[PDB]
């Protein structure tokens, strides 16, 4: 059960919030307000928005002290293990992430 403070950032285009099931000491989520259901259904008109989401993710990673490194993840469909059909960019840090990435 999350609190309003779990929203780390918001603007006209996107929301950033903590993952209530964190896979790392820091784990948050960047989503567009426009309900793109999955990255495979993004269209060319979404180019600037998609760019903005990545920029927001990295700015927030800095704000959350992920200077020693972090991982950005976007899941698509069943094989990507996408759990909600709204676009999510995962940002994970604060521990050594492994390889392969799942």
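C-alpha atoms forming the largest set that superposes within 1.5 Å between two forms make up the rigid core. Positions refer to the first chain, counted from 1.
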Open item on the list: For a rigid core alignment of each structure in 8 other deposited structures of this protein onto the shown form, which stretch has the higher root mean square Cα deviation: 92 to 100 or 2 to 10?
Closed with: 2 to 10
- [ ] Could you check the entry and say whether 69 to 77 or 43 to 51 has the higher mean CA B-factor?
- [x] 43 to 51
TODO: Compare the CA B factors listed in the entry for 63, 29, 56, 36 and report the winner.
DONE: 63
Open item on the list: Take the CA temperature factors straight from the PDB entry and tell me which of 89, 16, 21, 92 peaks.
Closed with: 21
